[PDB]
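Listing of target.pdb, PDB, C-alpha atoms
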ATOM      1  CA  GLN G   1     -20.070  -7.319  64.147  1.00  0.00           C
ATOM      2  CA  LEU G   2     -23.514  -8.271  62.792  1.00  0.00           C
ATOM      3  CA  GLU G   3     -25.593  -6.574  65.526  1.00  0.00           C
ATOM      4  CA  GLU G   4     -24.704  -2.913  64.862  1.00  0.00           C
ATOM      5  CA  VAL G   5     -25.429  -2.912  61.093  1.00  0.00           C
ATOM      6  CA  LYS G   6     -28.902  -4.470  61.558  1.00  0.00           C
ATOM      7  CA  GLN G   7     -29.470  -2.242  64.622  1.00  0.00           C
ATOM      8  CA  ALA G   8     -28.841   0.961  62.592  1.00  0.00           C
ATOM      9  CA  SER G   9     -31.039  -0.269  59.694  1.00  0.00           C
ATOM     10  CA  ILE G  10     -33.981  -0.829  62.109  1.00  0.00           C
ATOM     11  CA  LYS G  11     -33.490   2.409  64.124  1.00  0.00           C
ATOM     12  CA  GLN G  12     -33.343   4.560  61.002  1.00  0.00           C
ATOM     13  CA  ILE G  13     -36.516   3.255  59.402  1.00  0.00           C
ATOM     14  CA  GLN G  14     -38.198   3.634  62.839  1.00  0.00           C
ATOM     15  CA  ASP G  15     -37.527   7.420  62.821  1.00  0.00           C
ATOM     16  CA  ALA G  16     -38.207   7.678  59.037  1.00  0.00           C
ATOM     17  CA  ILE G  17     -41.740   6.166  59.211  1.00  0.00           C
ATOM     18  CA  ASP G  18     -43.233   8.358  61.929  1.00  0.00           C
ATOM     19  CA  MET G  19     -42.015  11.578  60.445  1.00  0.00           C
ATOM     20  CA  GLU G  20     -43.414  11.276  56.835  1.00  0.00           C
ATOM     21  CA  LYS G  21     -46.711  10.234  58.513  1.00  0.00           C
ATOM     22  CA  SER G  22     -46.338  13.151  61.016  1.00  0.00           C
ATOM     23  CA  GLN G  23     -45.975  15.442  58.091  1.00  0.00           C
ATOM     24  CA  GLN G  24     -49.130  14.247  56.348  1.00  0.00           C
ATOM     25  CA  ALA G  25     -51.096  14.066  59.607  1.00  0.00           C
ATOM     26  CA  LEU G  26     -50.580  17.676  60.676  1.00  0.00           C
ATOM     27  CA  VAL G  27     -51.588  19.002  57.225  1.00  0.00           C
ATOM     28  CA  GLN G  28     -54.550  16.884  56.592  1.00  0.00           C
ATOM     29  CA  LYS G  29     -56.513  17.002  59.859  1.00  0.00           C
ATOM     30  CA  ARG G  30     -55.898  20.654  60.297  1.00  0.00           C
ATOM     31  CA  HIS G  31     -57.089  21.464  56.873  1.00  0.00           C
ATOM     32  CA  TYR G  32     -59.783  18.886  57.851  1.00  0.00           C
ATOM     33  CA  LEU G  33     -60.522  20.905  61.049  1.00  0.00           C
ATOM     34  CA  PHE G  34     -61.167  24.141  59.166  1.00  0.00           C
ATOM     35  CA  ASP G  35     -63.842  23.484  56.806  1.00  0.00           C
ATOM     36  CA  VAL G  36     -65.185  21.130  59.836  1.00  0.00           C
ATOM     37  CA  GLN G  37     -65.435  24.066  62.078  1.00  0.00           C
ATOM     38  CA  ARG G  38     -67.033  26.325  59.608  1.00  0.00           C
ATOM     39  CA  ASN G  39     -69.771  23.626  58.941  1.00  0.00           C
ATOM     40  CA  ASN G  40     -70.862  23.818  62.383  1.00  0.00           C
ATOM     41  CA  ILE G  41     -71.011  27.582  62.264  1.00  0.00           C
ATOM     42  CA  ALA G  42     -72.820  28.083  59.084  1.00  0.00           C
ATOM     43  CA  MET G  43     -75.184  25.260  60.161  1.00  0.00           C
ATOM     44  CA  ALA G  44     -76.973  27.456  62.611  1.00  0.00           C
ATOM     45  CA  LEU G  45     -77.316  30.709  60.566  1.00  0.00           C
ATOM     46  CA  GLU G  46     -79.707  29.115  58.184  1.00  0.00           C
ATOM     47  CA  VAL G  47     -81.759  27.336  60.893  1.00  0.00           C
ATOM     48  CA  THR G  48     -82.243  30.505  62.573  1.00  0.00           C
ATOM     49  CA  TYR G  49     -83.483  32.230  59.402  1.00  0.00           C
ATOM     50  CA  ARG G  50     -85.451  29.052  58.650  1.00  0.00           C
ATOM     51  CA  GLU G  51     -86.992  28.521  62.028  1.00  0.00           C
ATOM     52  CA  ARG G  52     -87.692  32.225  62.272  1.00  0.00           C
ATOM     53  CA  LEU G  53     -90.039  32.256  59.299  1.00  0.00           C
ATOM     54  CA  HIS G  54     -92.094  29.504  61.086  1.00  0.00           C
ATOM     55  CA  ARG G  55     -91.968  31.256  64.457  1.00  0.00           C
ATOM     56  CA  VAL G  56     -93.043  34.672  63.108  1.00  0.00           C
ATOM     57  CA  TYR G  57     -95.774  33.153  60.913  1.00  0.00           C
ATOM     58  CA  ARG G  58     -97.230  31.437  64.021  1.00  0.00           C
TER      59      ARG G  58
ATOM     60  CA  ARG J   1     -79.672  25.165  54.388  1.00  0.00           C
ATOM     61  CA  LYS J   2     -77.507  22.198  55.190  1.00  0.00           C
ATOM     62  CA  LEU J   3     -74.073  21.858  56.616  1.00  0.00           C
ATOM     63  CA  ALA J   4     -71.871  24.818  55.789  1.00  0.00           C
ATOM     64  CA  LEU J   5     -70.335  24.211  52.374  1.00  0.00           C
ATOM     65  CA  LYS J   6     -66.838  23.305  53.652  1.00  0.00           C
ATOM     66  CA  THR J   7     -66.732  19.674  54.549  1.00  0.00           C
ATOM     67  CA  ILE J   8     -63.643  18.030  55.902  1.00  0.00           C
ATOM     68  CA  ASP J   9     -63.787  14.390  56.835  1.00  0.00           C
ATOM     69  CA  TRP J  10     -64.961  13.460  60.297  1.00  0.00           C
ATOM     70  CA  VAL J  11     -61.936  11.195  61.039  1.00  0.00           C
ATOM     71  CA  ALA J  12     -59.273  13.426  59.382  1.00  0.00           C
ATOM     72  CA  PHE J  13     -60.318  16.391  61.659  1.00  0.00           C
ATOM     73  CA  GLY J  14     -61.326  14.114  64.505  1.00  0.00           C
ATOM     74  CA  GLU J  15     -58.138  12.090  65.312  1.00  0.00           C
ATOM     75  CA  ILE J  16     -55.523  14.872  64.889  1.00  0.00           C
ATOM     76  CA  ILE J  17     -55.000  18.477  66.103  1.00  0.00           C
ATOM     77  CA  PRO J  18     -52.075  20.649  67.506  1.00  0.00           C
ATOM     78  CA  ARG J  19     -50.698  19.613  70.919  1.00  0.00           C
ATOM     79  CA  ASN J  20     -52.016  22.904  72.494  1.00  0.00           C
ATOM     80  CA  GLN J  21     -55.687  21.947  71.752  1.00  0.00           C
ATOM     81  CA  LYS J  22     -55.380  18.092  71.881  1.00  0.00           C
ATOM     82  CA  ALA J  23     -58.240  17.208  74.310  1.00  0.00           C
ATOM     83  CA  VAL J  24     -60.533  20.036  72.990  1.00  0.00           C
ATOM     84  CA  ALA J  25     -60.873  18.483  69.461  1.00  0.00           C
ATOM     85  CA  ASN J  26     -62.589  15.295  70.711  1.00  0.00           C
ATOM     86  CA  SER J  27     -65.149  17.508  72.566  1.00  0.00           C
ATOM     87  CA  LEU J  28     -65.564  20.032  69.665  1.00  0.00           C
ATOM     88  CA  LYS J  29     -66.122  17.035  67.291  1.00  0.00           C
ATOM     89  CA  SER J  30     -69.124  15.888  69.425  1.00  0.00           C
ATOM     90  CA  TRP J  31     -70.319  19.546  69.738  1.00  0.00           C
ATOM     91  CA  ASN J  32     -70.219  19.927  65.920  1.00  0.00           C
ATOM     92  CA  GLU J  33     -71.845  16.387  65.641  1.00  0.00           C
ATOM     93  CA  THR J  34     -74.872  17.512  67.685  1.00  0.00           C
ATOM     94  CA  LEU J  35     -75.019  20.832  65.710  1.00  0.00           C
ATOM     95  CA  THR J  36     -74.783  19.252  62.193  1.00  0.00           C
ATOM     96  CA  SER J  37     -77.448  16.619  63.081  1.00  0.00           C
ATOM     97  CA  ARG J  38     -79.616  19.272  64.887  1.00  0.00           C
ATOM     98  CA  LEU J  39     -79.509  21.612  61.832  1.00  0.00           C
ATOM     99  CA  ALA J  40     -79.976  18.855  59.161  1.00  0.00           C
ATOM    100  CA  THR J  41     -83.582  18.217  60.452  1.00  0.00           C
ATOM    101  CA  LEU J  42     -85.192  21.573  59.725  1.00  0.00           C
ATOM    102  CA  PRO J  43     -87.396  22.745  56.801  1.00  0.00           C
ATOM    103  CA  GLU J  44     -85.899  26.184  56.492  1.00  0.00           C
ATOM    104  CA  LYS J  45     -89.011  28.264  56.874  1.00  0.00           C
ATOM    105  CA  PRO J  46     -92.703  27.748  57.087  1.00  0.00           C
ATOM    106  CA  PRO J  47     -95.129  28.311  54.146  1.00  0.00           C
ATOM    107  CA  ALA J  48     -96.402  31.807  53.319  1.00  0.00           C
ATOM    108  CA  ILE J  49     -99.932  32.952  54.378  1.00  0.00           C
ATOM    109  CA  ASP J  50    -102.833  32.732  51.896  1.00  0.00           C
ATOM    110  CA  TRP J  51    -103.873  36.316  52.263  1.00  0.00           C
ATOM    111  CA  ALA J  52    -107.099  36.633  50.217  1.00  0.00           C
ATOM    112  CA  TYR J  53    -108.389  33.670  52.265  1.00  0.00           C
ATOM    113  CA  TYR J  54    -107.352  35.231  55.634  1.00  0.00           C
ATOM    114  CA  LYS J  55    -108.945  38.621  54.588  1.00  0.00           C
ATOM    115  CA  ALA J  56    -112.230  36.996  53.480  1.00  0.00           C
ATOM    116  CA  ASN J  57    -112.526  34.344  56.235  1.00  0.00           C
ATOM    117  CA  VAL J  58    -111.485  36.313  59.362  1.00  0.00           C
ATOM    118  CA  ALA J  59    -114.714  38.386  59.431  1.00  0.00           C
ATOM    119  CA  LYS J  60    -112.772  41.162  61.298  1.00  0.00           C
ATOM    120  CA  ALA J  61    -111.486  41.814  57.726  1.00  0.00           C
ATOM    121  CA  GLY J  62    -109.872  45.270  58.483  1.00  0.00           C
ATOM    122  CA  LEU J  63    -107.673  44.007  61.397  1.00  0.00           C
ATOM    123  CA  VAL J  64    -106.486  41.532  58.757  1.00  0.00           C
ATOM    124  CA  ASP J  65    -105.239  44.228  56.225  1.00  0.00           C
ATOM    125  CA  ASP J  66    -102.792  45.778  58.840  1.00  0.00           C
ATOM    126  CA  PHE J  67    -101.127  42.387  59.222  1.00  0.00           C
ATOM    127  CA  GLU J  68    -100.811  42.067  55.342  1.00  0.00           C
ATOM    128  CA  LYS J  69     -98.924  45.255  54.600  1.00  0.00           C
ATOM    129  CA  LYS J  70     -96.967  44.656  57.833  1.00  0.00           C
ATOM    130  CA  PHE J  71     -96.138  40.888  57.223  1.00  0.00           C
ATOM    131  CA  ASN J  72     -95.472  41.404  53.452  1.00  0.00           C
ATOM    132  CA  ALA J  73     -92.982  44.218  54.327  1.00  0.00           C
ATOM    133  CA  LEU J  74     -91.602  42.653  57.582  1.00  0.00           C
ATOM    134  CA  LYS J  75     -88.694  40.419  56.467  1.00  0.00           C
ATOM    135  CA  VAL J  76     -86.452  38.188  58.652  1.00  0.00           C
ATOM    136  CA  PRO J  77     -82.562  38.201  58.622  1.00  0.00           C
ATOM    137  CA  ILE J  78     -80.289  35.138  58.785  1.00  0.00           C
ATOM    138  CA  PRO J  79     -77.980  35.238  61.904  1.00  0.00           C
ATOM    139  CA  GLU J  80     -74.545  36.846  61.454  1.00  0.00           C
ATOM    140  CA  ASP J  81     -70.901  35.835  61.961  1.00  0.00           C
ATOM    141  CA  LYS J  82     -69.128  36.024  65.312  1.00  0.00           C
ATOM    142  CA  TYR J  83     -66.449  33.257  65.009  1.00  0.00           C
ATOM    143  CA  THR J  84     -65.079  33.070  61.403  1.00  0.00           C
ATOM    144  CA  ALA J  85     -61.802  33.931  63.192  1.00  0.00           C
ATOM    145  CA  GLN J  86     -61.677  30.062  63.076  1.00  0.00           C
ATOM    146  CA  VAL J  87     -60.789  30.528  59.290  1.00  0.00           C
ATOM    147  CA  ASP J  88     -57.846  32.890  60.219  1.00  0.00           C
ATOM    148  CA  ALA J  89     -56.881  30.410  62.961  1.00  0.00           C
ATOM    149  CA  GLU J  90     -57.207  27.700  60.206  1.00  0.00           C
ATOM    150  CA  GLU J  91     -54.871  29.610  57.782  1.00  0.00           C
ATOM    151  CA  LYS J  92     -52.365  30.092  60.680  1.00  0.00           C
ATOM    152  CA  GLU J  93     -52.846  26.420  61.732  1.00  0.00           C
ATOM    153  CA  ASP J  94     -52.239  25.321  58.056  1.00  0.00           C
ATOM    154  CA  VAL J  95     -49.035  27.497  57.955  1.00  0.00           C
ATOM    155  CA  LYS J  96     -48.146  25.410  61.076  1.00  0.00           C
ATOM    156  CA  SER J  97     -49.445  21.958  59.849  1.00  0.00           C
ATOM    157  CA  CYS J  98     -48.256  22.473  56.285  1.00  0.00           C
ATOM    158  CA  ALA J  99     -45.351  24.937  55.751  1.00  0.00           C
ATOM    159  CA  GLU J 100     -43.638  25.251  59.245  1.00  0.00           C
ATOM    160  CA  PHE J 101     -43.931  21.539  60.143  1.00  0.00           C
ATOM    161  CA  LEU J 102     -43.799  20.255  56.491  1.00  0.00           C
ATOM    162  CA  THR J 103     -40.397  21.831  55.572  1.00  0.00           C
ATOM    163  CA  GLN J 104     -38.975  21.140  59.086  1.00  0.00           C
ATOM    164  CA  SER J 105     -40.225  17.523  58.730  1.00  0.00           C
ATOM    165  CA  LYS J 106     -38.653  17.314  55.215  1.00  0.00           C
ATOM    166  CA  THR J 107     -35.229  18.239  56.678  1.00  0.00           C
ATOM    167  CA  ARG J 108     -35.681  15.845  59.718  1.00  0.00           C
ATOM    168  CA  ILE J 109     -36.944  12.816  57.667  1.00  0.00           C
ATOM    169  CA  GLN J 110     -33.967  13.582  55.374  1.00  0.00           C
ATOM    170  CA  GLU J 111     -31.650  13.721  58.469  1.00  0.00           C
ATOM    171  CA  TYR J 112     -32.568  10.035  59.052  1.00  0.00           C
ATOM    172  CA  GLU J 113     -32.858   9.070  55.296  1.00  0.00           C
ATOM    173  CA  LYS J 114     -29.418  10.655  54.529  1.00  0.00           C
ATOM    174  CA  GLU J 115     -28.165   8.580  57.483  1.00  0.00           C
ATOM    175  CA  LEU J 116     -29.934   5.600  55.750  1.00  0.00           C
ATOM    176  CA  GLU J 117     -27.807   6.308  52.623  1.00  0.00           C
ATOM    177  CA  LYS J 118     -24.876   6.357  55.123  1.00  0.00           C
ATOM    178  CA  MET J 119     -26.240   3.023  56.582  1.00  0.00           C
ATOM    179  CA  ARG J 120     -25.920   1.577  53.007  1.00  0.00           C
ATOM    180  CA  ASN J 121     -22.330   1.866  54.194  1.00  0.00           C
TER     181      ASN J 121
END
Represent the structure contained in this file as structure tokens.
Amino acid sequence: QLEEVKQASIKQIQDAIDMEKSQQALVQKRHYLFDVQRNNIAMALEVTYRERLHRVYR
Amino acid sequence: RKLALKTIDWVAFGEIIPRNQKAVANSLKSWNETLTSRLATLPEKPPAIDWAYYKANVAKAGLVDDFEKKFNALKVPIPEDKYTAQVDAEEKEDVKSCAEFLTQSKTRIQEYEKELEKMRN
């Protein structure tokens, strides 16, 4: 008798945990990729303007 | 100019990505790491030229005057976009990470948690 009731209570929380975390994870990183990506991009456009002033002045 | 205004945290981007791109994130993280460090170094631009000095002190003083009205007019652009399609890919990848997976996850976590209210029996 006792096995199945405790077995279900474990197995359910097992599937519950991953999936609320899986929810959060997909959102957050992916929003966190976006603005990441666009760092990296905009990083260079100023350098090049920046660096250019030095290069042309030389 | 520093890092582009949008800043997401370096572990929140850098652990997690769609299954289609999984190995490419850990490389693109290091590629953006070298770019953000490589751009953070630079004084954006040199000084100007002291012109009345250069015109007095280069005794070829009329070769000088060409290079004034030329350099004072001749202005440099910043480089352009070619990859802000990453922001459209980011809106589509948020529709996927949020809405599509969020509401689908809210019915699947409920499929278990409604079976956990059945496990209370």
Output of the ChimeraX specification (/J :<7) & /G, listed as a VMD selection string: chain G and resid 8 to 9 12 15 to 16 19 to 20 23 25 to 36 38 to 40 42 to 54
Any chance you can output those residues with C-alpha atoms as a short mmCIF file (atom, residue, chain, number, x, y, z; two decimals), keeping the file's coordinate frame?
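Result file again_0.cif:
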data_model
loop_
_atom_site.label_atom_id
_atom_site.label_comp_id
_atom_site.auth_asym_id
_atom_site.auth_seq_id
_atom_site.Cartn_x
_atom_site.Cartn_y
_atom_site.Cartn_z
CA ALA G 8 -28.84 0.96 62.59
CA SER G 9 -31.04 -0.27 59.69
CA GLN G 12 -33.34 4.56 61.00
CA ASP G 15 -37.53 7.42 62.82
CA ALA G 16 -38.21 7.68 59.04
CA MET G 19 -42.02 11.58 60.44
CA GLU G 20 -43.41 11.28 56.84
CA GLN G 23 -45.98 15.44 58.09
CA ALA G 25 -51.10 14.07 59.61
CA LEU G 26 -50.58 17.68 60.68
CA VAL G 27 -51.59 19.00 57.22
CA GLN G 28 -54.55 16.88 56.59
CA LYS G 29 -56.51 17.00 59.86
CA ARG G 30 -55.90 20.65 60.30
CA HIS G 31 -57.09 21.46 56.87
CA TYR G 32 -59.78 18.89 57.85
CA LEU G 33 -60.52 20.90 61.05
CA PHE G 34 -61.17 24.14 59.17
CA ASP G 35 -63.84 23.48 56.81
CA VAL G 36 -65.18 21.13 59.84
CA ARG G 38 -67.03 26.32 59.61
CA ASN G 39 -69.77 23.63 58.94
CA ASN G 40 -70.86 23.82 62.38
CA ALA G 42 -72.82 28.08 59.08
CA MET G 43 -75.18 25.26 60.16
CA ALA G 44 -76.97 27.46 62.61
CA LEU G 45 -77.32 30.71 60.57
CA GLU G 46 -79.71 29.12 58.18
CA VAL G 47 -81.76 27.34 60.89
CA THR G 48 -82.24 30.50 62.57
CA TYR G 49 -83.48 32.23 59.40
CA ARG G 50 -85.45 29.05 58.65
CA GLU G 51 -86.99 28.52 62.03
CA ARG G 52 -87.69 32.22 62.27
CA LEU G 53 -90.04 32.26 59.30
CA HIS G 54 -92.09 29.50 61.09
#
First collect every listed atom of region 17-33 of chain G; then fit an axis-aligned box around them, widen it by 8 Å on each side, and give centre and edge lengths in Å to one decimal, as lines of an AutoDock Vina configuration file.
center_x = -51.1
center_y = 13.8
center_z = 59.1
size_x = 34.8
size_y = 31.3
size_z = 21.6
Coordinates-based distance that separates CA of residue 57 (chain G) from CA of residue 64 (chain J) (Å, one decimal):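 Going from CA of residue 64 (chain J) over to CA of residue 57 (chain G), I get 13.8 Å.
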Atom pair CA of residue 65 (chain J) / CA of residue 51 (chain J): separation (Å):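 Computing the Euclidean distance for CA of residue 65 (chain J) and CA of residue 51 (chain J) yields 9.0 Å.
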Separation of CA of residue 68 (chain J) from CA of residue 56 (chain J) in Å: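 Spanning CA of residue 56 (chain J) to CA of residue 68 (chain J) is a straight-line distance of 12.6 Å.
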Counting only C-alpha atoms, the residue of J:24, J:118, J:73, J:55 that sits nearest residue 5 (chain G):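 Once distances to residue 5 (chain G) are computed over only C-alpha atoms, the minimum belongs to J:118.
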